[PDB]
Amino acid sequence: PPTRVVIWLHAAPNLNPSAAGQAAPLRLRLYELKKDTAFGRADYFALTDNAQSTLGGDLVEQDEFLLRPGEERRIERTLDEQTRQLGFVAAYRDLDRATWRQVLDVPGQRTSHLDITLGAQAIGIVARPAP
């Protein structure tokens, strides 16, 4: 069986607020990874503008989404057979205060369901059980 992932993305009402607290859109990048050590050590600009150079062979695919406050999406992927982790980078306005990066080891040849919340200042991931 393929490694199957379903992700429900929930962009909060208070998504990525301005300096005034007005909610604003958030760019999110999803990375399929063979290894995640470099990913977790890399600077933001290196991951966003130079990912292939920065990650080399570790990087299988990169996907980009622009989410709006209150938005809901469902995405489903089969992860490449070499792909062991999913990485996430969110372009929060103030990266100092934000949990703007997450990594997740995904068991191979099994089904994983995830609820991923994009909050005012953090990516939150929660396992979603079957069915």
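The structure we're discussing is the one just above.
Now for a quick tour of the structure. (Residues numbered from 1 in each chain as written, not as in the entry; some residues may be left out. Heavy atoms only, no water. Residues with missing side-chain atoms left out of burial classes, pairs and counts.)

### A closer look at the sheet that holds strand β8 (residues 123–127)
So, step 1. The sheet built from four strands is open, its strands ordered β4-β1-β7-β8 with mixed pairing. A single partner strand is all that each edge strand has here, and the edge strands are β4 (72–79) and β8. Adjacent strand axes in the sheet meet at a mean angle of 20°, parallel and antiparallel pairs treated alike.
So, step 2. When strand β1 (residues 3–11) meets strand β7 (residues 111–118), the two strands line up parallel, connected through eight bridges. (Pairing = 2+ DSSP bridges. Helix = DSSP H or I, 4+ residues; strand = E, 2+ residues; numbered from the N terminus. Axes fitted to C-alpha atoms, helices over the stretch in contact; angles between N-to-C directions.)

### Description of the packing of aromatic side chains
So, step 1. Under the definition given, this model contains three aromatic pairs.
So, step 2. Between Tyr44 and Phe45 the ring centres are 6.1 Å apart and the planes differ by 75°, which places this aromatic pair in the edge-to-face class.
So, step 3. Judged by its relative accessible area of 64%, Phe45 falls in the exposed class.
So, step 4. When the ring of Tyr44 is compared with that of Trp100, the centres are 5.4 Å apart and the planes differ by 75°; the resulting orientation is edge-to-face. (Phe/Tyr/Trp six-rings, centres within 6.5 Å; stacked < 30°, edge-to-face > 60°. Buried < 20%, exposed > 50% of the residue type's maximum accessible area, 1.4 Å probe, protein only.)

### Digging into the pairing of strand β5 (residues 85–90)
So, step 1. With respect to burial, β5 is a largely interior element, six of its six residues being buried.
So, step 2. Going residue by residue along β5, you find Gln85, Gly87 and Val89 tucked away on one face and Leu86, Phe88 and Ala90 tucked away on the opposite face as well.
So, step 3. Here β5 pairs with strand β6 (residues 101–105) via five bridges, running antiparallel. Note on β6: the bridge partner recorded for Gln85 is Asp105.

### Some thoughts on the sheet that holds strand β3 (residues 59–67)
So, step 1. Strand order across the open sheet formed by four strands is β3-β2-β5-β6, with antiparallel pairing between neighbours. A single partner strand is all that each edge strand has here, and the edge strands are β3 and β6. Pairwise comparison of adjacent strand axes, ignoring direction, gives a mean angle of 15° for this sheet.

### What to know about the nonpolar core
So, step 1. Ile7, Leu28 and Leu118 are the most contacted members of the largest nonpolar core, which has 33 residues in total.
So, step 2. Sort the elements by how many residues they give to this core and strand β2 (residues 26–33) lands first, with five residues.
So, step 3. Filtering out sequence-adjacent residues up to four positions away, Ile7 remains in contact with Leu30, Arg73, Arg74, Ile75, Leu86, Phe88, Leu114 and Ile116. (Core = buried A, V, L, I, M, F, W, Y, C linked by side-chain atoms within 4.5 Å. Contact = heavy atoms within 4.5 Å.)

### Topic: the environment of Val106
So, step 1. In this fold, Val106 is placed in the loop between β6 and β7.
So, step 2. When the C-alpha positions of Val106 and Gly57 are compared, they lie 18 Å apart, and in sequence the two are 49 residues distant.
So, step 3. If we ignore the near neighbours within four places in the chain, the residues touching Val106 are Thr3, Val5, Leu79, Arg84, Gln85, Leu86 and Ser112.

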